[PDB]
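Visitor: To start, I am sharing the structure in question, which I have written as structure tokens.
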Amino acid sequence: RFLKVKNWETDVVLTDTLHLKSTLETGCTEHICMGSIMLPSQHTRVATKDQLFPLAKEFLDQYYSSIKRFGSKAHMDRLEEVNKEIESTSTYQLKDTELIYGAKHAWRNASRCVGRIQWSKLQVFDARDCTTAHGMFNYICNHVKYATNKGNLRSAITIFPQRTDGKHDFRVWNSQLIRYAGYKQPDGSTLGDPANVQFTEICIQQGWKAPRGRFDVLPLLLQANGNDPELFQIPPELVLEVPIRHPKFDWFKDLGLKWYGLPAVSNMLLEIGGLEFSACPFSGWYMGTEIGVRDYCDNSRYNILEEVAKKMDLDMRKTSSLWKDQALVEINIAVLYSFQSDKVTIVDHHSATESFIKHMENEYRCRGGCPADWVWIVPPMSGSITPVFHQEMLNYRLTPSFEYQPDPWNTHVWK
Ligand code: HEM
Ligand SMILES: Cc1cc(N)nc(-c2cc(CN3CC(F)(F)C3)cc(F)c2F)c1
Ligand SMILES: C[C@H](O)[C@H](O)[C@H]1CNc2nc(N)[nH]c(=O)c2N1
Ligand SMILES: [Zn+2]
């Protein structure tokens, strides 16, 4: 009940006691491990007034513990204040300070995130006064421009009004603020990003005018207060894109690949002291492999191993020539080199995983643990030559937290 994790590259052991403060469930049992189930039944998000105060008290207790005024008079009055408000309105409203804390610690607790070394450097944009889809558009544009910061990217989150009844939900329908369109072709194949083929069509059904190419930045589909969502084009001067060149292969430019600088998840739900924030887009900067391995090389994504290997003139007949592997290294050297040559913030999978081991050390020292999801923390290439491969990690669910949630078009009582 005071568990040990080992590193088998360094023989370093750390003792995890933080997992005792865990509340939520993982999906595993004593007899079955679900650690490679992608969206486990637990990781996805109406809630009543009785359940709300334990969640508020728990959250408030750790917040005041963090400002080193645990259980003071200022704490007990805020406990009374929120109890009374959950009497009156059967819900409550976070202080600005409580919101910034909750948000930072949702990131801090995000066990699948390898970049958490940065968890306290988070800009929080309180959008809880927003009322309209145009309001959201404005807030999201300010977010993009701030977080991008001319390529010196900055981490940020924008928190739209919390869920109330459940039928008046603020939702960004985009999975990520900036994504390329997916167009299936009349001959069955797919242009652009096959991940977004459904979403790309949803936008056209609401009226989008597609410039049917590859890297067409999708418009925003913003749903305010449960109302049918509305289309908005992010000013192109706000969407920073990196053309991908290699530092050796000049035919690499003719591949005509590019990516956006800003990774900005918009479809998750932020949970703070039992309050549910259905629209909470958050952004950092990219680890190279996200674009160069997954985005470019997943069979279900751009799938460029085929044509990259061609132009390298590779032994493509035999599986064991490792032509896929060789082509995949070049692709991620190019992604990295291109972002850096433009002063656009990006991190290589070696630097990021080393920082995470450093982050784990700090969490196990000044916090007693660090929830970590090995399946997700290990990079999708060169796994064992990064230090996280050899690092035992205890996964467990802490709160505040980012949670998955259904795609809004499966759940939105429409009109
Ligand atoms: C600062 C630079 C950051 C880097 C380099 C980074 C890195 C990553 C990577 C590589 C992933 C895996 C993504 C995937 O495989 O799809 C991830 C996931 C995630 N990131 Fe971070 N991240 C950063 C900032 C942030 C911020 C600012 C937040 C929120 C405030 C955040 C929250 C999350 C969450 C919740 C996930 C997991 C999503 C899921 O469970 O599917 N990250 N991050
Ligand atoms: C803040 C941040 C930094 C960074 N480097 N990456 C991401 C990032 C996260 C995800 C997770 N998504 C939720 C899902 F499970 F649906 C897949 C998907 C992406 F495409 C990303 F770019 C986010
Ligand atoms: C089956 C498995 O759970 C699924 O492919 C996961 C594996 N690990 C991952 N790790 C990260 N970082 N991102 C992912 O999308 C996935 N996908
Ligand atoms: Zn397990």
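Ligands are numbered from 1 in the order shown, chains are lettered A, B, ... in the order of the structure tokens, and residues start at 1 in each chain.
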What lies within 12 Å of residue A:217 using only C-alpha atoms, ignoring chain neighbours under 2 positions off, as a PyMOL selection string?

Guide: chain A and resi 174+176-182+192-193+196+200+208-215+219-220+232-241+258-260

Visitor: Residues as selected, N, CA, C and O atoms, written as a compact mmCIF listing (two decimals), in the first residue's frame, can you do that?

Guide:
# COMPACT_ATOMS: atom_id res chain seq x y z
N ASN A 174 -15.02 20.31 -32.99
CA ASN A 174 -13.72 19.87 -33.49
C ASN A 174 -13.02 19.04 -32.43
O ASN A 174 -13.10 19.33 -31.23
N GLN A 176 -9.78 18.85 -32.33
CA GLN A 176 -8.65 19.71 -32.03
C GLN A 176 -8.88 20.99 -32.82
O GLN A 176 -9.39 20.95 -33.94
N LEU A 177 -8.53 22.13 -32.21
CA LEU A 177 -8.84 23.44 -32.79
C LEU A 177 -8.37 23.56 -34.23
O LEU A 177 -9.07 24.13 -35.08
N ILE A 178 -7.18 23.05 -34.52
CA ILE A 178 -6.60 23.12 -35.84
C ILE A 178 -6.36 21.69 -36.30
O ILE A 178 -5.57 20.95 -35.69
N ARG A 179 -7.08 21.28 -37.35
CA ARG A 179 -6.91 19.98 -37.97
C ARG A 179 -7.18 20.13 -39.46
O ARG A 179 -7.96 21.00 -39.87
N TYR A 180 -6.54 19.28 -40.26
CA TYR A 180 -6.76 19.28 -41.70
C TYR A 180 -7.99 18.45 -42.05
O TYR A 180 -8.37 17.51 -41.35
N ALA A 181 -8.63 18.85 -43.15
CA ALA A 181 -9.85 18.20 -43.59
C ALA A 181 -9.57 16.80 -44.14
O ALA A 181 -8.52 16.53 -44.71
N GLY A 182 -10.55 15.92 -43.96
CA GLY A 182 -10.52 14.62 -44.59
C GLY A 182 -11.55 14.46 -45.68
O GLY A 182 -12.76 14.54 -45.42
N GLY A 192 -6.24 14.37 -47.76
CA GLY A 192 -6.10 15.00 -46.46
C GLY A 192 -6.02 14.01 -45.32
O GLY A 192 -5.36 12.97 -45.44
N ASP A 193 -6.71 14.29 -44.22
CA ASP A 193 -6.59 13.47 -43.03
C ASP A 193 -7.77 12.52 -42.92
O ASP A 193 -8.88 12.98 -42.61
N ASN A 196 -10.47 12.79 -39.97
CA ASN A 196 -11.48 13.83 -39.89
C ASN A 196 -12.51 13.73 -41.01
O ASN A 196 -13.23 14.70 -41.26
N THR A 200 -15.22 16.43 -41.36
CA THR A 200 -15.19 17.28 -42.54
C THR A 200 -16.55 17.31 -43.23
O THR A 200 -17.00 18.36 -43.70
N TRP A 208 -20.16 24.19 -44.79
CA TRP A 208 -18.77 24.51 -45.12
C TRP A 208 -18.52 24.36 -46.61
O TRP A 208 -19.09 23.48 -47.27
N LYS A 209 -17.68 25.23 -47.13
CA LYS A 209 -17.29 25.22 -48.53
C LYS A 209 -15.87 24.68 -48.59
O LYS A 209 -14.91 25.39 -48.27
N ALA A 210 -15.74 23.43 -48.97
CA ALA A 210 -14.45 22.75 -48.87
C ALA A 210 -13.55 23.12 -50.04
O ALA A 210 -13.98 23.05 -51.19
N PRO A 211 -12.30 23.53 -49.78
CA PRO A 211 -11.30 23.70 -50.85
C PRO A 211 -10.57 22.40 -51.18
O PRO A 211 -9.35 22.38 -51.36
N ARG A 212 -11.34 21.31 -51.30
CA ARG A 212 -10.90 19.91 -51.40
C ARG A 212 -9.45 19.69 -51.79
O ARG A 212 -9.15 19.24 -52.91
N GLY A 213 -8.53 19.97 -50.87
CA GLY A 213 -7.14 19.62 -51.03
C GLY A 213 -6.63 18.80 -49.87
O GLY A 213 -7.41 18.16 -49.16
N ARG A 214 -5.32 18.82 -49.65
CA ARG A 214 -4.73 18.12 -48.51
C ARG A 214 -4.93 18.88 -47.22
O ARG A 214 -5.86 18.61 -46.45
N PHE A 215 -4.06 19.87 -46.99
CA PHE A 215 -3.90 20.52 -45.69
C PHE A 215 -4.79 21.77 -45.60
O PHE A 215 -4.35 22.89 -45.34
N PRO A 219 -12.75 24.53 -40.45
CA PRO A 219 -13.39 25.59 -39.67
C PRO A 219 -13.78 25.05 -38.30
O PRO A 219 -13.78 23.85 -38.06
N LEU A 220 -14.13 25.98 -37.41
CA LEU A 220 -14.57 25.63 -36.07
C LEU A 220 -16.08 25.40 -36.05
O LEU A 220 -16.84 26.16 -36.65
N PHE A 232 -17.18 28.75 -38.04
CA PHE A 232 -16.33 29.93 -38.03
C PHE A 232 -14.94 29.57 -38.55
O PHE A 232 -14.35 28.58 -38.11
N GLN A 233 -14.42 30.41 -39.45
CA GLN A 233 -13.09 30.24 -40.01
C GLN A 233 -12.07 31.00 -39.17
O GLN A 233 -12.12 32.24 -39.07
N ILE A 234 -11.14 30.27 -38.58
CA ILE A 234 -9.99 30.83 -37.87
C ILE A 234 -9.20 31.70 -38.83
O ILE A 234 -8.80 31.22 -39.90
N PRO A 235 -8.98 32.99 -38.53
CA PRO A 235 -8.22 33.84 -39.46
C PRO A 235 -6.93 33.16 -39.84
O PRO A 235 -6.14 32.76 -38.96
N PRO A 236 -6.70 32.94 -41.13
CA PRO A 236 -5.51 32.17 -41.54
C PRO A 236 -4.21 32.72 -40.98
O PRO A 236 -3.34 31.93 -40.61
N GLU A 237 -4.09 34.05 -40.82
CA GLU A 237 -2.88 34.62 -40.25
C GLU A 237 -2.64 34.16 -38.81
O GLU A 237 -1.52 34.29 -38.31
N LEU A 238 -3.67 33.59 -38.16
CA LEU A 238 -3.55 33.03 -36.83
C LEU A 238 -3.15 31.56 -36.82
O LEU A 238 -2.76 31.05 -35.76
N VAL A 239 -3.24 30.86 -37.94
CA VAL A 239 -2.88 29.44 -38.00
C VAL A 239 -1.46 29.32 -38.51
O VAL A 239 -1.21 29.45 -39.71
N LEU A 240 -0.52 29.01 -37.62
CA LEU A 240 0.90 28.94 -37.98
C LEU A 240 1.23 27.54 -38.50
O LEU A 240 1.04 26.55 -37.79
N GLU A 241 1.74 27.47 -39.72
CA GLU A 241 2.06 26.20 -40.35
C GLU A 241 3.54 26.13 -40.69
O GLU A 241 4.16 27.14 -41.06
N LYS A 258 3.28 19.50 -44.73
CA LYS A 258 3.30 20.61 -43.79
C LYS A 258 2.46 20.20 -42.60
O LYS A 258 1.67 19.26 -42.66
N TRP A 259 2.63 20.94 -41.50
CA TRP A 259 1.80 20.69 -40.33
C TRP A 259 1.62 22.02 -39.61
O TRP A 259 2.30 23.01 -39.91
N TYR A 260 0.67 22.04 -38.69
CA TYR A 260 0.42 23.24 -37.91
C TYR A 260 1.23 23.18 -36.62
O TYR A 260 1.52 22.10 -36.10

Visitor: Taking only C-alpha atoms and all ligand atoms into account, report as a PDB file with N, CA and C atoms, in the first residue's frame which residues have an atom no farther than 10 Å from an atom of ligand 4.

Guide:
ATOM      1  N   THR A  26      -9.847   2.436 -12.671  1.00  0.00           N
ATOM      2  CA  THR A  26      -8.943   2.286 -13.804  1.00  0.00           C
ATOM      3  C   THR A  26      -9.472   1.369 -14.898  1.00  0.00           C
ATOM      4  N   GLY A  27     -10.392   0.463 -14.578  1.00  0.00           N
ATOM      5  CA  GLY A  27     -10.813  -0.571 -15.486  1.00  0.00           C
ATOM      6  C   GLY A  27     -10.170  -1.914 -15.208  1.00  0.00           C
ATOM      7  N   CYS A  28      -8.967  -1.923 -14.646  1.00  0.00           N
ATOM      8  CA  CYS A  28      -8.363  -3.202 -14.301  1.00  0.00           C
ATOM      9  C   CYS A  28      -9.022  -3.784 -13.052  1.00  0.00           C
ATOM     10  N   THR A  29      -8.902  -5.090 -12.903  1.00  0.00           N
ATOM     11  CA  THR A  29      -9.302  -5.753 -11.673  1.00  0.00           C
ATOM     12  C   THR A  29      -8.112  -6.542 -11.149  1.00  0.00           C
ATOM     13  N   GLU A  30      -8.308  -7.203 -10.015  1.00  0.00           N
ATOM     14  CA  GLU A  30      -7.275  -8.105  -9.530  1.00  0.00           C
ATOM     15  C   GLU A  30      -6.935  -9.175 -10.561  1.00  0.00           C
ATOM     16  N   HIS A  31      -7.850  -9.480 -11.489  1.00  0.00           N
ATOM     17  CA  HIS A  31      -7.658 -10.598 -12.399  1.00  0.00           C
ATOM     18  C   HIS A  31      -7.602 -10.225 -13.877  1.00  0.00           C
ATOM     19  N   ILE A  32      -7.694  -8.942 -14.238  1.00  0.00           N
ATOM     20  CA  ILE A  32      -7.585  -8.546 -15.641  1.00  0.00           C
ATOM     21  C   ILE A  32      -7.000  -7.143 -15.733  1.00  0.00           C
ATOM     22  N   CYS A  33      -6.027  -6.966 -16.615  1.00  0.00           N
ATOM     23  CA  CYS A  33      -5.393  -5.672 -16.794  1.00  0.00           C
ATOM     24  C   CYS A  33      -5.888  -5.051 -18.091  1.00  0.00           C
ATOM     25  N   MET A  34      -6.473  -3.856 -17.974  1.00  0.00           N
ATOM     26  CA  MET A  34      -7.005  -3.082 -19.092  1.00  0.00           C
ATOM     27  C   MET A  34      -6.058  -1.981 -19.548  1.00  0.00           C
ATOM     28  N   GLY A  35      -4.793  -2.032 -19.133  1.00  0.00           N
ATOM     29  CA  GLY A  35      -3.875  -0.935 -19.411  1.00  0.00           C
ATOM     30  C   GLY A  35      -3.618  -0.619 -20.872  1.00  0.00           C
ATOM     31  N   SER A  36      -4.086  -1.423 -21.831  1.00  0.00           N
ATOM     32  CA  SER A  36      -3.949  -1.065 -23.240  1.00  0.00           C
ATOM     33  C   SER A  36      -5.298  -0.860 -23.924  1.00  0.00           C
ATOM     34  N   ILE A  37      -6.384  -0.794 -23.159  1.00  0.00           N
ATOM     35  CA  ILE A  37      -7.685  -0.406 -23.692  1.00  0.00           C
ATOM     36  C   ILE A  37      -7.700   1.108 -23.862  1.00  0.00           C
ATOM     37  N   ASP A 373       0.943   6.559 -17.652  1.00  0.00           N
ATOM     38  CA  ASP A 373       0.384   5.517 -18.495  1.00  0.00           C
ATOM     39  C   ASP A 373       1.492   5.139 -19.463  1.00  0.00           C
ATOM     40  N   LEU A 394       3.182   3.563 -12.335  1.00  0.00           N
ATOM     41  CA  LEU A 394       1.876   3.248 -11.778  1.00  0.00           C
ATOM     42  C   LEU A 394       0.856   4.193 -12.392  1.00  0.00           C
ATOM     43  N   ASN A 395      -0.162   3.633 -13.035  1.00  0.00           N
ATOM     44  CA  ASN A 395      -1.285   4.412 -13.530  1.00  0.00           C
ATOM     45  C   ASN A 395      -2.402   4.386 -12.496  1.00  0.00           C
ATOM     46  N   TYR A 396      -2.985   5.557 -12.233  1.00  0.00           N
ATOM     47  CA  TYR A 396      -4.142   5.679 -11.369  1.00  0.00           C
ATOM     48  C   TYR A 396      -4.772   7.060 -11.600  1.00  0.00           C
TER      49      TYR A 396
END

Visitor: Produce as a ChimeraX atom specification the set of residues near ligand 1, where near means within 7 Å with only C-alpha atoms and all ligand atoms considered.

Guide: /A:103-104,106-107,110,112-116,118-119,122,155-157,282-287,290,347,352,376,402

Visitor: What's the 12 Å shell around residue A:307, counting only C-alpha atoms, without same-chain residues fewer than 4 positions away, as JSON, numbers by chain?

Guide: {"A": [251, 252, 254, 255, 256, 257, 296, 297, 302, 303, 311, 312, 313, 314, 316, 323, 324, 327, 328, 331]}

Visitor: Write out as a VMD selection string each polymer residue whose atoms come within 8 Å of residue A:131, counting only C-alpha atoms; drop sequence neighbours fewer than 5 positions from it.

Guide: chain A and resid 136 224 to 225

Visitor: Would you work out the distance separating atom CA of residue A:162 from atom CA of residue A:279, expressed in Å to one decimal?

Guide: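 Atom-to-atom, atom CA of residue A:162 and atom CA of residue A:279 are spaced 8.0 Å apart.
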
Visitor: Mind checking which residues fall within 10 Å of residue A:64, counting only C-alpha atoms, ignoring those fewer than 4 positions away in the same chain, and posting them as a list in words?

Guide: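 Final neighbour list, sorted by chain and number: residues 59, 60, 68, 69, 70, 71, 72, 74, 75, 76, 78 and 98 of chain A.
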
Visitor: For those residues, write N, CA and C atoms to a file as a PDB file, in the first residue's frame.

Guide:
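Wrote selection-v6.pdb, looks like this:
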ATOM      1  N   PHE A  59     -11.893  18.661  -3.285  1.00  0.00           N
ATOM      2  CA  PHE A  59     -11.104  19.597  -4.084  1.00  0.00           C
ATOM      3  C   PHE A  59     -10.654  20.794  -3.255  1.00  0.00           C
ATOM      4  N   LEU A  60     -11.588  21.420  -2.527  1.00  0.00           N
ATOM      5  CA  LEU A  60     -11.237  22.593  -1.734  1.00  0.00           C
ATOM      6  C   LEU A  60     -10.177  22.266  -0.695  1.00  0.00           C
ATOM      7  N   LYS A  68      -0.985  26.408   1.525  1.00  0.00           N
ATOM      8  CA  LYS A  68      -0.462  26.275   2.889  1.00  0.00           C
ATOM      9  C   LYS A  68      -1.364  26.954   3.920  1.00  0.00           C
ATOM     10  N   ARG A  69      -2.661  27.037   3.615  1.00  0.00           N
ATOM     11  CA  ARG A  69      -3.668  27.465   4.576  1.00  0.00           C
ATOM     12  C   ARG A  69      -4.737  26.387   4.701  1.00  0.00           C
ATOM     13  N   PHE A  70      -4.298  25.153   4.945  1.00  0.00           N
ATOM     14  CA  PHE A  70      -5.220  24.037   5.094  1.00  0.00           C
ATOM     15  C   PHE A  70      -6.056  24.207   6.352  1.00  0.00           C
ATOM     16  N   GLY A  71      -7.368  24.060   6.203  1.00  0.00           N
ATOM     17  CA  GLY A  71      -8.259  24.012   7.344  1.00  0.00           C
ATOM     18  C   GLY A  71      -8.324  25.295   8.147  1.00  0.00           C
ATOM     19  N   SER A  72      -7.789  26.380   7.592  1.00  0.00           N
ATOM     20  CA  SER A  72      -7.880  27.674   8.247  1.00  0.00           C
ATOM     21  C   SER A  72      -9.332  28.143   8.273  1.00  0.00           C
ATOM     22  N   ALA A  74     -10.300  30.824   6.563  1.00  0.00           N
ATOM     23  CA  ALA A  74     -10.613  31.147   5.176  1.00  0.00           C
ATOM     24  C   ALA A  74     -11.034  29.903   4.406  1.00  0.00           C
ATOM     25  N   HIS A  75     -10.503  28.736   4.784  1.00  0.00           N
ATOM     26  CA  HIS A  75     -10.916  27.473   4.175  1.00  0.00           C
ATOM     27  C   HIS A  75     -12.323  27.081   4.612  1.00  0.00           C
ATOM     28  N   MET A  76     -12.563  27.036   5.928  1.00  0.00           N
ATOM     29  CA  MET A  76     -13.860  26.595   6.439  1.00  0.00           C
ATOM     30  C   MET A  76     -15.004  27.492   5.981  1.00  0.00           C
ATOM     31  N   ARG A  78     -15.041  29.081   2.986  1.00  0.00           N
ATOM     32  CA  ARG A  78     -15.218  28.654   1.603  1.00  0.00           C
ATOM     33  C   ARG A  78     -15.896  27.292   1.516  1.00  0.00           C
ATOM     34  N   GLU A  98      -9.305  29.124  -7.806  1.00  0.00           N
ATOM     35  CA  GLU A  98      -9.665  27.711  -7.804  1.00  0.00           C
ATOM     36  C   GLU A  98      -9.662  27.135  -9.213  1.00  0.00           C
TER      37      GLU A  98
END

Visitor: If you run DSSP over the backbone, which residues in stretch 119-210 of chain A end up helix (DSSP H, G or I)? Put them as an NGL selection string.

Guide: :A and (133-151 or 194-205)

Visitor: Can you write just those residues out, C-alpha atoms, as a PDB file, in the first residue's frame?

Guide:
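Dumped to out.pdb:
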ATOM      1  CA  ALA A 133     -20.928  30.644 -30.519  1.00  0.00           C
ATOM      2  CA  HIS A 134     -19.487  33.931 -31.769  1.00  0.00           C
ATOM      3  CA  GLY A 135     -18.344  34.527 -28.212  1.00  0.00           C
ATOM      4  CA  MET A 136     -16.564  31.171 -28.264  1.00  0.00           C
ATOM      5  CA  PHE A 137     -14.999  31.902 -31.649  1.00  0.00           C
ATOM      6  CA  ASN A 138     -13.577  35.128 -30.231  1.00  0.00           C
ATOM      7  CA  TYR A 139     -12.260  33.393 -27.127  1.00  0.00           C
ATOM      8  CA  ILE A 140     -10.744  30.565 -29.170  1.00  0.00           C
ATOM      9  CA  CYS A 141      -9.033  33.016 -31.570  1.00  0.00           C
ATOM     10  CA  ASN A 142      -7.468  34.840 -28.616  1.00  0.00           C
ATOM     11  CA  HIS A 143      -6.350  31.458 -27.347  1.00  0.00           C
ATOM     12  CA  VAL A 144      -4.734  30.467 -30.674  1.00  0.00           C
ATOM     13  CA  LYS A 145      -2.942  33.794 -31.058  1.00  0.00           C
ATOM     14  CA  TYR A 146      -1.692  33.781 -27.463  1.00  0.00           C
ATOM     15  CA  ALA A 147      -0.648  30.128 -27.374  1.00  0.00           C
ATOM     16  CA  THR A 148       1.128  30.461 -30.719  1.00  0.00           C
ATOM     17  CA  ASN A 149       3.112  33.578 -29.784  1.00  0.00           C
ATOM     18  CA  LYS A 150       4.825  33.824 -33.175  1.00  0.00           C
ATOM     19  CA  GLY A 151       6.094  30.242 -32.825  1.00  0.00           C
ATOM     20  CA  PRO A 194      -8.722  10.280 -42.980  1.00  0.00           C
ATOM     21  CA  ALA A 195      -9.257  10.808 -39.231  1.00  0.00           C
ATOM     22  CA  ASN A 196     -11.483  13.828 -39.891  1.00  0.00           C
ATOM     23  CA  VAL A 197     -13.481  12.452 -42.834  1.00  0.00           C
ATOM     24  CA  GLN A 198     -16.711  12.359 -40.835  1.00  0.00           C
ATOM     25  CA  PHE A 199     -16.104  15.736 -39.185  1.00  0.00           C
ATOM     26  CA  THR A 200     -15.193  17.280 -42.542  1.00  0.00           C
ATOM     27  CA  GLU A 201     -18.550  16.133 -43.912  1.00  0.00           C
ATOM     28  CA  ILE A 202     -20.466  17.376 -40.850  1.00  0.00           C
ATOM     29  CA  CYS A 203     -19.110  20.865 -41.537  1.00  0.00           C
ATOM     30  CA  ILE A 204     -20.297  20.674 -45.143  1.00  0.00           C
ATOM     31  CA  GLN A 205     -23.757  19.590 -43.952  1.00  0.00           C
TER      32      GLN A 205
END

Visitor: Using only C-alpha atoms, which protein or nucleic acid residues come within 8 Å of residue A:280? Drop anything in the same chain fewer than 5 positions from it, and give the result as a ChimeraX atom specification.

Guide: /A:157-160,266-270

Visitor: Please produce a file of those selected residues containing N, CA and C atoms, as a PDB file, in the first residue's frame.

Guide:
ATOM      1  N   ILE A 157      -5.161  27.196 -21.779  1.00  0.00           N
ATOM      2  CA  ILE A 157      -6.458  26.525 -21.786  1.00  0.00           C
ATOM      3  C   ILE A 157      -7.540  27.589 -21.670  1.00  0.00           C
ATOM      4  N   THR A 158      -8.669  27.354 -22.337  1.00  0.00           N
ATOM      5  CA  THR A 158      -9.801  28.279 -22.325  1.00  0.00           C
ATOM      6  C   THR A 158     -11.016  27.513 -21.828  1.00  0.00           C
ATOM      7  N   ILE A 159     -11.617  27.972 -20.725  1.00  0.00           N
ATOM      8  CA  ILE A 159     -12.618  27.198 -19.996  1.00  0.00           C
ATOM      9  C   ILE A 159     -13.968  27.873 -20.167  1.00  0.00           C
ATOM     10  N   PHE A 160     -14.823  27.285 -20.995  1.00  0.00           N
ATOM     11  CA  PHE A 160     -16.158  27.789 -21.256  1.00  0.00           C
ATOM     12  C   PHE A 160     -17.092  27.372 -20.127  1.00  0.00           C
ATOM     13  N   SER A 266      -9.597  19.913 -28.135  1.00  0.00           N
ATOM     14  CA  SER A 266     -10.826  20.634 -27.839  1.00  0.00           C
ATOM     15  C   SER A 266     -11.998  19.753 -27.430  1.00  0.00           C
ATOM     16  N   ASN A 267     -11.887  18.429 -27.543  1.00  0.00           N
ATOM     17  CA  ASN A 267     -13.039  17.554 -27.370  1.00  0.00           C
ATOM     18  C   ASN A 267     -13.072  16.862 -26.020  1.00  0.00           C
ATOM     19  N   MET A 268     -12.206  17.236 -25.089  1.00  0.00           N
ATOM     20  CA  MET A 268     -12.192  16.579 -23.794  1.00  0.00           C
ATOM     21  C   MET A 268     -12.960  17.400 -22.768  1.00  0.00           C
ATOM     22  N   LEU A 269     -13.189  16.791 -21.612  1.00  0.00           N
ATOM     23  CA  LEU A 269     -13.975  17.397 -20.559  1.00  0.00           C
ATOM     24  C   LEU A 269     -13.069  17.619 -19.360  1.00  0.00           C
ATOM     25  N   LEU A 270     -13.070  18.842 -18.830  1.00  0.00           N
ATOM     26  CA  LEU A 270     -12.294  19.177 -17.642  1.00  0.00           C
ATOM     27  C   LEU A 270     -13.175  19.052 -16.405  1.00  0.00           C
TER      28      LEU A 270
END

Visitor: Please identify all polymer residues within 8 Å of stretch 4-16 of chain A, counting only C-alpha atoms, omitting same-chain residues fewer than 4 positions from it, and present them as a compact mmCIF listing (two decimals) with N, CA, C and O atoms, in the first residue's frame.

Guide:
# COMPACT_ATOMS: atom_id res chain seq x y z
N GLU A 361 10.65 12.25 -11.03
CA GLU A 361 11.46 12.41 -9.82
C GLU A 361 10.89 13.50 -8.93
O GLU A 361 10.79 13.35 -7.71
N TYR A 364 7.54 12.32 -7.38
CA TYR A 364 7.71 11.34 -6.31
C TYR A 364 8.36 11.94 -5.07
O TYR A 364 8.26 11.34 -3.98
N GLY A 368 4.78 12.56 -3.74
CA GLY A 368 4.61 11.17 -3.37
C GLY A 368 4.28 10.22 -4.50
O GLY A 368 4.04 9.03 -4.24
N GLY A 369 4.25 10.70 -5.74
CA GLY A 369 3.89 9.86 -6.86
C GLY A 369 3.61 10.69 -8.09
O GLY A 369 3.62 11.93 -8.06
N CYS A 370 3.35 9.97 -9.18
CA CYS A 370 3.04 10.56 -10.47
C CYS A 370 2.26 9.54 -11.28
O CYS A 370 2.85 8.56 -11.75
N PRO A 387 14.38 6.84 -22.21
CA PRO A 387 14.46 6.36 -20.82
C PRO A 387 13.12 5.97 -20.22
O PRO A 387 13.11 5.28 -19.19
N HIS A 390 12.14 2.06 -19.92
CA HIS A 390 12.71 1.25 -18.85
C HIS A 390 12.20 1.68 -17.48
O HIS A 390 12.72 1.23 -16.46
N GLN A 391 11.18 2.52 -17.45
CA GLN A 391 10.66 3.13 -16.24
C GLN A 391 9.32 2.51 -15.90
O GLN A 391 8.37 2.63 -16.69
N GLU A 392 9.24 1.82 -14.77
CA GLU A 392 7.96 1.33 -14.29
C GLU A 392 7.10 2.51 -13.87
O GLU A 392 7.59 3.44 -13.22
N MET A 393 5.83 2.50 -14.27
CA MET A 393 4.92 3.60 -14.00
C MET A 393 3.62 3.05 -13.48
O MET A 393 3.02 2.16 -14.10
N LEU A 394 3.18 3.56 -12.33
CA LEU A 394 1.88 3.25 -11.78
C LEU A 394 0.86 4.19 -12.39
O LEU A 394 1.01 5.42 -12.30

Visitor: Suppose you want the space between atom 12 (N, counted along the ligand's line) of ligand 3 and atom CA of residue A:380; what is it in Å?

Guide: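 Atom 12 (N, counted along the ligand's line) of ligand 3 sits 6.9 Å away from atom CA of residue A:380.
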
Visitor: Restricting the calculation to only C-alpha atoms: of A:191, A:346, A:293, A:275, which residue gets closest to residue A:261?

Guide: A:346

Visitor: Run DSSP on the backbone and give me the residues of stretch 121-168 of chain A it puts in strand (DSSP E or B), as number ranges by chain.

Guide: A: 123-126, 156-159

Visitor: Suppose we keep N, CA and C atoms; can you now write the selection as a PDB file, in the first residue's frame?

Guide:
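Done, and the output landed in out-v7.pdb:
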ATOM      1  N   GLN A 123      -1.342  28.958 -18.955  1.00  0.00           N
ATOM      2  CA  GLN A 123      -2.185  30.143 -18.984  1.00  0.00           C
ATOM      3  C   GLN A 123      -3.629  29.672 -19.027  1.00  0.00           C
ATOM      4  N   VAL A 124      -4.449  30.225 -18.149  1.00  0.00           N
ATOM      5  CA  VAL A 124      -5.839  29.821 -18.041  1.00  0.00           C
ATOM      6  C   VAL A 124      -6.663  31.008 -18.488  1.00  0.00           C
ATOM      7  N   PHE A 125      -7.488  30.808 -19.510  1.00  0.00           N
ATOM      8  CA  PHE A 125      -8.372  31.856 -20.004  1.00  0.00           C
ATOM      9  C   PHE A 125      -9.767  31.521 -19.514  1.00  0.00           C
ATOM     10  N   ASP A 126     -10.251  32.330 -18.586  1.00  0.00           N
ATOM     11  CA  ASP A 126     -11.581  32.170 -18.020  1.00  0.00           C
ATOM     12  C   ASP A 126     -12.572  32.692 -19.045  1.00  0.00           C
ATOM     13  N   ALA A 156      -1.699  26.847 -22.826  1.00  0.00           N
ATOM     14  CA  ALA A 156      -2.872  27.618 -22.435  1.00  0.00           C
ATOM     15  C   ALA A 156      -4.117  26.746 -22.482  1.00  0.00           C
ATOM     16  N   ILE A 157      -5.161  27.196 -21.779  1.00  0.00           N
ATOM     17  CA  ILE A 157      -6.458  26.525 -21.786  1.00  0.00           C
ATOM     18  C   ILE A 157      -7.540  27.589 -21.670  1.00  0.00           C
ATOM     19  N   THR A 158      -8.669  27.354 -22.337  1.00  0.00           N
ATOM     20  CA  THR A 158      -9.801  28.279 -22.325  1.00  0.00           C
ATOM     21  C   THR A 158     -11.016  27.513 -21.828  1.00  0.00           C
ATOM     22  N   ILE A 159     -11.617  27.972 -20.725  1.00  0.00           N
ATOM     23  CA  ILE A 159     -12.618  27.198 -19.996  1.00  0.00           C
ATOM     24  C   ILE A 159     -13.968  27.873 -20.167  1.00  0.00           C
TER      25      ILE A 159
END
